[PDB]
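**Student:** See protein.tsv below, with TSV, C-alpha atoms.
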```tsv
chain	number	residue	atom	x	y	z
O	1	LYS	CA	-81.35	133.10	88.06
O	2	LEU	CA	-83.72	135.91	87.13
O	3	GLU	CA	-86.38	133.72	85.49
O	4	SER	CA	-86.82	131.70	88.71
O	5	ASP	CA	-89.77	133.93	89.62
O	6	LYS	CA	-92.16	132.01	87.35
O	7	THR	CA	-91.87	128.98	89.61
O	8	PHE	CA	-94.18	129.53	92.59
O	9	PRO	CA	-94.44	127.49	95.79
O	10	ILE	CA	-97.21	125.26	97.04
O	11	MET	CA	-98.50	125.60	100.60
O	12	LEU	CA	-99.18	122.43	102.62
O	13	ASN	CA	-100.52	123.04	106.12
O	14	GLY	CA	-99.00	126.49	105.76
O	15	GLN	CA	-95.45	125.50	104.83
O	16	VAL	CA	-93.70	125.26	101.48
O	17	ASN	CA	-93.07	121.66	100.41
O	18	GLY	CA	-92.50	122.04	96.69
O	19	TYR	CA	-92.85	124.24	93.67
O	20	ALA	CA	-95.07	124.45	90.59
O	21	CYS	CA	-93.44	125.74	87.42
O	22	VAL	CA	-94.97	127.15	84.25
O	23	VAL	CA	-93.54	126.18	80.88
O	24	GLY	CA	-94.96	126.08	77.39
O	25	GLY	CA	-98.20	127.66	78.56
O	26	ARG	CA	-98.69	124.70	80.85
O	27	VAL	CA	-98.20	124.72	84.58
O	28	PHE	CA	-96.70	121.63	86.16
O	29	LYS	CA	-96.29	120.44	89.69
O	30	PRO	CA	-95.06	117.15	91.13
O	31	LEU	CA	-97.81	114.72	92.01
O	32	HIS	CA	-96.15	113.36	95.13
O	33	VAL	CA	-96.21	116.78	96.75
O	34	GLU	CA	-99.48	118.21	98.01
O	35	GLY	CA	-100.63	121.76	98.62
O	36	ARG	CA	-102.14	124.67	96.77
O	37	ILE	CA	-100.01	126.78	94.47
O	38	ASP	CA	-99.20	130.13	96.07
O	39	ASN	CA	-101.11	132.40	93.72
O	40	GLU	CA	-104.71	132.90	92.80
O	41	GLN	CA	-104.99	132.62	89.03
O	42	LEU	CA	-103.00	129.39	88.98
O	43	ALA	CA	-104.82	128.15	92.06
O	44	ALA	CA	-108.01	127.81	90.09
O	45	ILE	CA	-107.22	125.36	87.30
O	46	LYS	CA	-108.19	121.74	87.69
O	47	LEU	CA	-104.81	120.05	87.42
O	48	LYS	CA	-104.88	116.87	85.32
O	49	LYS	CA	-102.89	113.87	86.51
O	50	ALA	CA	-99.95	112.06	84.89
O	51	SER	CA	-98.95	109.25	87.21
O	52	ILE	CA	-96.31	107.73	84.96
O	53	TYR	CA	-94.28	110.93	85.17
O	54	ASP	CA	-95.39	111.93	88.68
O	55	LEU	CA	-96.55	115.27	87.30
O	56	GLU	CA	-99.85	117.09	87.57
O	57	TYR	CA	-100.15	119.29	84.48
O	58	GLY	CA	-102.67	121.96	83.66
O	59	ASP	CA	-103.56	124.47	80.99
O	60	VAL	CA	-102.57	127.86	82.32
O	61	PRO	CA	-105.37	130.38	81.74
O	62	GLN	CA	-105.39	133.00	79.13
O	63	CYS	CA	-104.01	136.28	80.21
O	64	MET	CA	-100.45	135.12	81.06
O	65	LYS	CA	-99.77	132.73	78.23
O	66	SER	CA	-96.92	134.93	76.98
O	67	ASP	CA	-95.36	134.91	80.48
O	68	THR	CA	-94.02	131.37	80.55
O	69	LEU	CA	-90.78	129.57	79.99
O	70	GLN	CA	-89.65	127.76	76.87
O	71	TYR	CA	-87.94	124.40	76.72
O	72	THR	CA	-85.92	122.21	74.43
O	73	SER	CA	-84.56	118.71	74.44
O	74	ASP	CA	-81.22	119.93	73.12
O	75	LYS	CA	-79.06	119.12	76.16
O	76	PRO	CA	-75.31	118.93	75.58
O	77	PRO	CA	-73.41	117.68	78.65
O	78	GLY	CA	-71.98	120.47	80.80
O	79	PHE	CA	-72.95	122.97	83.49
O	80	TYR	CA	-76.58	124.12	83.62
O	81	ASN	CA	-77.94	126.81	85.90
O	82	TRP	CA	-80.44	125.99	88.62
O	83	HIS	CA	-81.87	127.81	91.64
O	84	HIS	CA	-79.29	126.72	94.18
O	85	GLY	CA	-76.36	126.65	91.79
O	86	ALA	CA	-74.96	124.75	88.87
O	87	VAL	CA	-75.89	121.21	87.88
O	88	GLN	CA	-73.40	119.21	85.86
O	89	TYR	CA	-74.88	117.02	83.13
O	90	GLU	CA	-72.75	114.09	82.11
O	91	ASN	CA	-73.16	110.43	81.19
O	92	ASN	CA	-76.87	111.07	80.68
O	93	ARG	CA	-77.28	112.14	84.32
O	94	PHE	CA	-77.90	115.46	86.05
O	95	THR	CA	-75.96	115.80	89.28
O	96	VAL	CA	-75.68	118.68	91.78
O	97	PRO	CA	-73.11	118.97	94.60
O	98	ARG	CA	-73.62	117.00	97.76
O	99	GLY	CA	-76.25	118.18	100.17
O	100	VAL	CA	-77.72	121.02	98.13
O	101	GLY	CA	-81.40	120.51	97.53
O	102	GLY	CA	-83.59	118.14	99.44
O	103	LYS	CA	-87.05	118.21	100.94
O	104	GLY	CA	-89.01	121.04	99.38
O	105	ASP	CA	-86.97	121.57	96.22
O	106	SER	CA	-89.24	119.34	94.09
O	107	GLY	CA	-90.65	121.00	91.01
O	108	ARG	CA	-87.64	123.26	90.70
O	109	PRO	CA	-86.88	123.92	87.01
O	110	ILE	CA	-83.39	123.33	85.71
O	111	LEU	CA	-82.54	125.80	83.01
O	112	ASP	CA	-79.81	126.09	80.43
O	113	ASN	CA	-77.73	129.15	79.71
O	114	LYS	CA	-80.41	130.61	77.44
O	115	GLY	CA	-83.19	130.38	80.01
O	116	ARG	CA	-84.82	127.36	78.37
O	117	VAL	CA	-85.86	124.66	80.82
O	118	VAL	CA	-84.16	121.31	80.38
O	119	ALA	CA	-85.81	119.41	83.24
O	120	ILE	CA	-87.92	119.64	86.39
O	121	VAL	CA	-86.42	118.04	89.49
O	122	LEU	CA	-88.46	115.55	91.49
O	123	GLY	CA	-85.99	113.70	93.68
O	124	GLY	CA	-82.44	112.69	94.39
O	125	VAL	CA	-79.96	110.16	95.61
O	126	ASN	CA	-76.64	111.10	97.17
O	127	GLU	CA	-73.81	109.15	95.55
O	128	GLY	CA	-70.31	109.75	96.87
O	129	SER	CA	-69.38	113.41	96.71
O	130	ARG	CA	-72.29	114.32	94.45
O	131	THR	CA	-76.08	113.91	94.39
O	132	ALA	CA	-77.86	112.81	91.23
O	133	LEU	CA	-81.28	114.29	90.51
O	134	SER	CA	-84.33	112.29	89.48
O	135	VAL	CA	-85.96	114.61	86.97
O	136	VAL	CA	-88.46	114.82	84.10
O	137	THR	CA	-86.77	115.61	80.82
O	138	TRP	CA	-87.39	115.24	77.12
O	139	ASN	CA	-85.36	112.75	75.16
O	140	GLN	CA	-83.52	113.26	71.88
O	141	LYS	CA	-86.78	112.81	70.01
O	142	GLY	CA	-88.26	115.16	72.58
O	143	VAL	CA	-91.01	113.14	74.18
O	144	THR	CA	-91.28	113.54	77.95
O	145	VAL	CA	-89.43	110.93	79.98
O	146	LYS	CA	-88.83	110.48	83.68
O	147	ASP	CA	-85.14	109.94	84.43
O	148	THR	CA	-84.39	108.25	87.76
O	149	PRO	CA	-81.00	107.14	88.98
O	150	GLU	CA	-81.35	104.06	91.14
O	151	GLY	CA	-82.47	104.75	94.68
O	152	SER	CA	-83.79	108.25	94.09
O	153	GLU	CA	-85.89	109.42	97.00
O	154	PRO	CA	-88.76	111.84	96.36
O	155	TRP	CA	-88.35	115.39	97.59
W	1	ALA	CA	-141.61	60.85	75.27
W	2	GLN	CA	-139.42	58.22	73.68
W	3	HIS	CA	-136.24	60.27	74.12
W	4	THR	CA	-134.39	62.22	76.81
W	5	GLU	CA	-133.91	65.94	76.49
W	6	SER	CA	-130.57	67.55	77.25
W	7	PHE	CA	-129.67	71.14	77.99
W	8	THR	CA	-127.99	71.56	74.60
W	9	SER	CA	-130.95	70.29	72.60
W	10	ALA	CA	-132.94	73.35	71.63
W	11	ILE	CA	-130.05	75.43	70.34
W	12	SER	CA	-130.78	75.80	66.68
W	13	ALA	CA	-127.42	76.53	65.02
W	14	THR	CA	-128.26	80.21	64.66
W	15	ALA	CA	-128.70	80.69	68.35
W	16	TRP	CA	-125.36	78.93	68.58
W	17	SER	CA	-124.06	81.38	66.03
W	18	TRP	CA	-125.43	84.26	68.06
W	19	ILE	CA	-123.89	83.20	71.35
W	20	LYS	CA	-120.72	82.60	69.37
W	21	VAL	CA	-120.64	86.12	67.94
W	22	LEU	CA	-121.59	87.59	71.31
W	23	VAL	CA	-118.85	85.85	73.26
W	24	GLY	CA	-116.44	86.43	70.41
W	25	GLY	CA	-117.19	90.14	70.37
W	26	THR	CA	-116.98	90.41	74.13
W	27	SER	CA	-113.68	88.58	74.31
W	28	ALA	CA	-112.42	90.46	71.27
W	29	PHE	CA	-113.02	93.86	72.82
W	30	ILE	CA	-111.44	92.70	76.07
W	31	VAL	CA	-108.39	91.24	74.36
W	32	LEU	CA	-108.08	94.30	72.16
W	33	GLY	CA	-107.97	96.39	75.30
W	34	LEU	CA	-105.31	94.10	76.69
W	35	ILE	CA	-103.15	94.38	73.56
W	36	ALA	CA	-103.67	98.12	73.69
W	37	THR	CA	-102.29	98.16	77.21
W	38	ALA	CA	-99.39	96.04	76.07
W	39	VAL	CA	-98.40	98.31	73.22
W	40	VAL	CA	-98.75	101.51	75.20
W	41	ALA	CA	-96.86	100.06	78.12
W	42	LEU	CA	-94.15	98.92	75.72
W	43	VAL	CA	-93.59	102.07	73.77
W	44	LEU	CA	-93.86	104.21	76.88
W	45	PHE	CA	-92.34	102.28	79.82
W	46	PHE	CA	-89.47	101.23	77.64
W	47	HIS	CA	-88.67	102.61	74.20
W	48	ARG	CA	-88.65	106.21	75.28
W	49	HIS	CA	-85.22	105.53	76.71
```
Translate this file's structure into structure tokens.

**Tutor:**
Amino acid sequence: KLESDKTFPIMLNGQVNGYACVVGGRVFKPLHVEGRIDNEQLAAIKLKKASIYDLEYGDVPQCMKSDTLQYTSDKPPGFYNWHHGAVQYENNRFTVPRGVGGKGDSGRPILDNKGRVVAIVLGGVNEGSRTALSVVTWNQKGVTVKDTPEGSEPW
Amino acid sequence: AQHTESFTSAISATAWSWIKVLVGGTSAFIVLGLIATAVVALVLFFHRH
């Protein structure tokens, strides 16, 4: 809950529509969402494009390299902290309770107990009494992979 | 002239070889690019999950 500062919002026509998060000395931001990151030093960098993950990624400049999250692909199923609450990971799917999150929560990191990011949320679909999150994770080998439950709608 | 010329009369079997290597190289680069797209789109679209 306390590390959530390092995600900062983007401003689109003056309103927040998403968030850009810094991990591994690399700032990320969903492609689908437009705006300018709400701070100056990270506003400057030309953000390179990765369509196949829907993620613009850029090399955070020098003087706050040591001020970034860490991440691992080690993701046992269970409860994982996240801005609005807990997200339960099971059957290779991240799902949050119904109705929490939505428009504007894209780019929100999902952390584990030890503050390490496990995924960045990009969308959702509401199934039954839960809502499954379309995210960008790293697989057992640890290469980046977009995970989308069927019918996920971008946020 | 006692004969009739055709379009493929003056090609001298090295000029043939040259247009062969040119079209072969051109197609080879193109097809290599295609196979490159195939392999990247295979290991990445699938086979990361």

**Student:** Please identify all polymer residues lying at most 9 Å from the point (-86.5, 118.2, 83.7) (file coordinates), using only C-alpha atoms, and present the result as a list in words.

**Tutor:**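 Neighbouring residues, ordered by chain and number, come to residues 107, 108, 109, 110, 111, 117, 118, 119, 120, 121, 122, 134, 135, 136, 137, 138, 144, 145, 146 and 147 of chain O.
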
**Student:** Work out how far atom CA of residue 30 of chain O is from atom CA of residue 55 of chain O, in Å to one decimal.

**Tutor:**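 Spanning atom CA of residue 55 of chain O to atom CA of residue 30 of chain O is a straight-line distance of 4.5 Å.
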
**Student:** Please determine, counting all atoms listed in the file, which residue among O:58, O:24, O:104, O:142 has the shortest atom-to-atom distance to chain W.

**Tutor:**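 Closest to chain W, using all atoms listed in the file: O:142.
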
**Student:** At a cut-off of 10 Å, which residues of chain W touch chain O? Count all atoms listed in the file and give the answer as a list in words.

**Tutor:** residues 44, 45, 46, 48 and 49 of chain W

**Student:** Report the distance between atom CA of residue 3 of chain O and atom CA of residue 60 of chain O in Å, rounded to one decimal place.

**Tutor:**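 Rounded to one decimal, the two atoms are 17.5 Å apart.
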
**Student:** By how many Å are atom CA of residue 61 of chain O and atom CA of residue 47 of chain O apart?

**Tutor:** 11.8 Å

**Student:** Report as a list in words all protein, DNA and RNA residues lying within 9 Å of residue 113 of chain O, evaluated on all atoms listed in the file, omitting residues in the same chain fewer than 5 positions from it.

**Tutor:**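 Skipping anything fewer than 5 positions along the chain leaves residues 79, 80 and 81 of chain O.
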
**Student:** Between O:93, O:6, O:87, O:71, single out the one closest to residue 115 of chain O, counting all atoms listed in the file.

**Tutor:** O:71

**Student:** Could you give me the axis-aligned bounding box of segment 15-24 of chain W, with 6 Å of padding per side, as centre plus edge lengths in Å to one decimal, as lines of an AutoDock Vina configuration file?

**Tutor:**
```
center_x = -122.6
center_y = 83.3
center_z = 69.6
size_x = 24.3
size_y = 20.7
size_z = 19.2
```

**Student:** Between O:102, O:95, O:42, O:112, single out the one closest to residue 129 of chain O, counting all atoms listed in the file.

**Tutor:**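 Ranked by minimum distance to residue 129 of chain O, first place goes to O:95.
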